[PDB]
file run_33.cif (mmCIF, C-alpha atoms and all ligand atoms)
data_run
#
loop_
_atom_site.group_PDB
_atom_site.id
_atom_site.type_symbol
_atom_site.label_atom_id
_atom_site.label_comp_id
_atom_site.auth_asym_id
_atom_site.auth_seq_id
_atom_site.Cartn_x
_atom_site.Cartn_y
_atom_site.Cartn_z
ATOM 1 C CA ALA N 1 101.388 87.728 135.482
ATOM 2 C CA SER N 2 99.469 84.451 135.262
ATOM 3 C CA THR N 3 96.363 86.353 134.160
ATOM 4 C CA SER N 4 98.194 87.200 130.935
ATOM 5 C CA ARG N 5 98.498 84.167 128.659
ATOM 6 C CA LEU N 6 100.443 85.716 125.779
ATOM 7 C CA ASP N 7 101.149 89.364 124.959
ATOM 8 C CA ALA N 8 104.077 88.995 122.557
ATOM 9 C CA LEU N 9 101.984 89.312 119.397
ATOM 10 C CA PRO N 10 104.527 90.822 116.942
ATOM 11 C CA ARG N 11 107.616 88.701 116.285
ATOM 12 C CA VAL N 12 110.852 90.692 116.226
ATOM 13 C CA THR N 13 112.646 89.485 113.094
ATOM 14 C CA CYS N 14 113.043 85.823 112.146
ATOM 15 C CA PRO N 15 114.131 83.438 114.966
ATOM 16 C CA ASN N 16 116.502 81.671 112.576
ATOM 17 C CA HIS N 17 117.375 84.845 110.650
ATOM 18 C CA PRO N 18 118.407 87.988 112.601
ATOM 19 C CA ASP N 19 119.834 89.851 109.607
ATOM 20 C CA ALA N 20 116.777 88.953 107.531
ATOM 21 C CA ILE N 21 113.483 90.400 108.755
ATOM 22 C CA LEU N 22 110.110 88.922 107.810
ATOM 23 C CA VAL N 23 108.635 91.383 105.308
ATOM 24 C CA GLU N 24 104.929 92.234 105.279
ATOM 25 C CA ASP N 25 102.537 92.781 102.373
ATOM 26 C CA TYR N 26 99.881 95.480 101.984
ATOM 27 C CA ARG N 27 96.912 93.265 102.871
ATOM 28 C CA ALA N 28 96.198 89.544 102.639
ATOM 29 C CA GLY N 29 99.848 88.767 101.963
ATOM 30 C CA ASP N 30 101.087 87.791 105.425
ATOM 31 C CA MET N 31 104.711 88.143 106.528
ATOM 32 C CA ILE N 32 107.404 86.134 104.760
ATOM 33 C CA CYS N 33 111.129 85.757 105.454
ATOM 34 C CA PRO N 34 113.744 86.550 102.743
ATOM 35 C CA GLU N 35 115.863 83.645 104.012
ATOM 36 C CA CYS N 36 113.949 80.575 105.230
ATOM 37 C CA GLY N 37 111.088 81.756 103.038
ATOM 38 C CA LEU N 38 108.405 81.367 105.687
ATOM 39 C CA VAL N 39 104.907 82.836 105.939
ATOM 40 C CA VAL N 40 103.663 83.993 109.343
ATOM 41 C CA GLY N 41 100.195 85.492 109.656
ATOM 42 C CA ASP N 42 97.895 83.761 107.180
ATOM 43 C CA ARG N 43 94.679 84.589 109.034
ATOM 44 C CA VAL N 44 92.999 88.001 108.996
ATOM 45 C CA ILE N 45 91.396 89.404 112.146
ATOM 46 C CA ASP N 46 88.180 90.736 110.611
ATOM 47 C CA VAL N 47 86.212 92.362 113.431
ATOM 48 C CA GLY N 48 83.716 94.728 111.839
ATOM 49 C CA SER N 49 81.918 96.306 114.786
ATOM 50 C CA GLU N 50 83.475 99.736 115.321
ATOM 51 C CA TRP N 51 81.533 101.711 112.692
ATOM 52 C CA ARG N 52 84.695 103.473 111.510
ATOM 53 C CA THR N 53 83.740 107.024 110.539
ATOM 54 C CA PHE N 54 84.729 110.673 110.958
ATOM 55 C CA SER N 55 82.181 111.375 113.693
ATOM 56 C CA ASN N 56 78.454 111.704 113.009
ATOM 57 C CA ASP N 57 77.010 114.813 111.361
ATOM 58 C CA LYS N 58 73.848 114.900 113.474
HETATM 59 ZN ZN ZN A 101 113.904 83.171 108.282
#
call {"tool": "encode", "arguments": {"input": "run_33.cif", "output": "structure tokens"}}
result
Amino acid sequence: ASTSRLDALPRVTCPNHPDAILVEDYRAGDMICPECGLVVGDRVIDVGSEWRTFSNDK
């Protein structure tokens, strides 16, 4: 599918470390590897435009 540029968002484990999987923080920590000690995902997709609520009362 040429229309699709890139879909593989999540990286399955570390390319240079199969046994070691890039761990993830709770928020604003990114994903680091316990081997090569890398840090993937420094940015933070902040798209506030969905309201986010438990349905309106009225
Ligand atoms: Zn690694």
call {"tool": "atom_distance", "arguments": {"input": "run_33.cif", "atom1": "atom CA of residue N:17", "atom2": "atom ZN of ligand ZN 101 (chain A)"}}
result
4.5 Å
call {"tool": "residues_near_ligand", "arguments": {"input": "run_33.cif", "ligand": "ligand ZN 101 (chain A)", "cutoff": "10 Å", "atoms": "all atoms listed in the file", "output": "ChimeraX atom specification"}}
result
/N:13-22,32-39
call {"tool": "residues_around", "arguments": {"input": "run_33.cif", "residues": "residue N:44", "least_positions_apart": "2", "cutoff": "12 Å", "atoms": "all atoms listed in the file", "output": "PyMOL selection string"}}
result
chain N and resi 27-31+40-42+46-48
call {"tool": "build_atoms", "arguments": {"input": "run_33.cif", "residues": "stretch 11-34 of chain N", "atoms": "N, CA and C atoms", "output": "PDB file, keeping the file's coordinate frame"}}
result
ATOM      1  N   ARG N  11     106.345  89.407 116.181  1.00  0.00           N
ATOM      2  CA  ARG N  11     107.616  88.701 116.285  1.00  0.00           C
ATOM      3  C   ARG N  11     108.756  89.558 115.743  1.00  0.00           C
ATOM      4  N   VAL N  12     109.712  89.877 116.611  1.00  0.00           N
ATOM      5  CA  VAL N  12     110.852  90.692 116.226  1.00  0.00           C
ATOM      6  C   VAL N  12     111.824  89.912 115.348  1.00  0.00           C
ATOM      7  N   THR N  13     111.765  90.159 114.043  1.00  0.00           N
ATOM      8  CA  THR N  13     112.646  89.485 113.094  1.00  0.00           C
ATOM      9  C   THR N  13     112.422  87.976 113.108  1.00  0.00           C
ATOM     10  N   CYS N  14     113.149  87.274 112.245  1.00  0.00           N
ATOM     11  CA  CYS N  14     113.043  85.823 112.146  1.00  0.00           C
ATOM     12  C   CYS N  14     113.926  85.144 113.195  1.00  0.00           C
ATOM     13  N   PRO N  15     113.380  84.158 113.930  1.00  0.00           N
ATOM     14  CA  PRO N  15     114.131  83.438 114.966  1.00  0.00           C
ATOM     15  C   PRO N  15     115.412  82.811 114.430  1.00  0.00           C
ATOM     16  N   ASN N  16     115.347  82.307 113.204  1.00  0.00           N
ATOM     17  CA  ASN N  16     116.502  81.671 112.576  1.00  0.00           C
ATOM     18  C   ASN N  16     117.177  82.599 111.565  1.00  0.00           C
ATOM     19  N   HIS N  17     116.793  83.873 111.570  1.00  0.00           N
ATOM     20  CA  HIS N  17     117.375  84.845 110.650  1.00  0.00           C
ATOM     21  C   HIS N  17     117.313  86.255 111.233  1.00  0.00           C
ATOM     22  N   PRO N  18     118.349  86.658 111.988  1.00  0.00           N
ATOM     23  CA  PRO N  18     118.407  87.988 112.601  1.00  0.00           C
ATOM     24  C   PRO N  18     118.606  89.091 111.567  1.00  0.00           C
ATOM     25  N   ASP N  19     119.546  88.876 110.652  1.00  0.00           N
ATOM     26  CA  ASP N  19     119.834  89.851 109.607  1.00  0.00           C
ATOM     27  C   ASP N  19     118.632  90.026 108.685  1.00  0.00           C
ATOM     28  N   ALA N  20     117.948  88.923 108.399  1.00  0.00           N
ATOM     29  CA  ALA N  20     116.777  88.953 107.531  1.00  0.00           C
ATOM     30  C   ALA N  20     115.497  89.103 108.346  1.00  0.00           C
ATOM     31  N   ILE N  21     114.731  90.146 108.048  1.00  0.00           N
ATOM     32  CA  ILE N  21     113.483  90.400 108.755  1.00  0.00           C
ATOM     33  C   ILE N  21     112.277  90.028 107.902  1.00  0.00           C
ATOM     34  N   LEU N  22     111.320  89.336 108.513  1.00  0.00           N
ATOM     35  CA  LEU N  22     110.110  88.922 107.810  1.00  0.00           C
ATOM     36  C   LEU N  22     109.363  90.137 107.266  1.00  0.00           C
ATOM     37  N   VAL N  23     109.319  90.264 105.944  1.00  0.00           N
ATOM     38  CA  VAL N  23     108.635  91.383 105.308  1.00  0.00           C
ATOM     39  C   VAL N  23     107.126  91.191 105.358  1.00  0.00           C
ATOM     40  N   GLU N  24     106.386  92.289 105.245  1.00  0.00           N
ATOM     41  CA  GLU N  24     104.929  92.234 105.279  1.00  0.00           C
ATOM     42  C   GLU N  24     104.329  92.850 104.021  1.00  0.00           C
ATOM     43  N   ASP N  25     103.213  92.287 103.568  1.00  0.00           N
ATOM     44  CA  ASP N  25     102.537  92.781 102.373  1.00  0.00           C
ATOM     45  C   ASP N  25     101.672  93.995 102.701  1.00  0.00           C
ATOM     46  N   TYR N  26     100.766  94.338 101.791  1.00  0.00           N
ATOM     47  CA  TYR N  26      99.881  95.480 101.984  1.00  0.00           C
ATOM     48  C   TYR N  26      98.558  95.048 102.611  1.00  0.00           C
ATOM     49  N   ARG N  27      98.152  93.809 102.337  1.00  0.00           N
ATOM     50  CA  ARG N  27      96.912  93.265 102.871  1.00  0.00           C
ATOM     51  C   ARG N  27      96.610  91.914 102.239  1.00  0.00           C
ATOM     52  N   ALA N  28      96.487  90.906 103.085  1.00  0.00           N
ATOM     53  CA  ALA N  28      96.198  89.544 102.639  1.00  0.00           C
ATOM     54  C   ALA N  28      97.433  88.890 102.030  1.00  0.00           C
ATOM     55  N   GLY N  29      98.609  89.324 102.475  1.00  0.00           N
ATOM     56  CA  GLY N  29      99.848  88.767 101.963  1.00  0.00           C
ATOM     57  C   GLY N  29     100.678  88.093 103.041  1.00  0.00           C
ATOM     58  N   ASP N  30     100.362  88.377 104.303  1.00  0.00           N
ATOM     59  CA  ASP N  30     101.087  87.791 105.425  1.00  0.00           C
ATOM     60  C   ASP N  30     102.520  88.312 105.480  1.00  0.00           C
ATOM     61  N   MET N  31     103.318  87.740 106.376  1.00  0.00           N
ATOM     62  CA  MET N  31     104.711  88.143 106.528  1.00  0.00           C
ATOM     63  C   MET N  31     105.647  86.984 106.201  1.00  0.00           C
ATOM     64  N   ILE N  32     106.479  87.163 105.179  1.00  0.00           N
ATOM     65  CA  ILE N  32     107.404  86.134 104.760  1.00  0.00           C
ATOM     66  C   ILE N  32     108.851  86.521 105.051  1.00  0.00           C
ATOM     67  N   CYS N  33     109.716  85.517 105.180  1.00  0.00           N
ATOM     68  CA  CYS N  33     111.129  85.757 105.454  1.00  0.00           C
ATOM     69  C   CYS N  33     111.953  85.636 104.171  1.00  0.00           C
ATOM     70  N   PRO N  34     112.902  86.563 103.945  1.00  0.00           N
ATOM     71  CA  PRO N  34     113.744  86.550 102.743  1.00  0.00           C
ATOM     72  C   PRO N  34     114.837  85.482 102.788  1.00  0.00           C
TER      73      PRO N  34
END
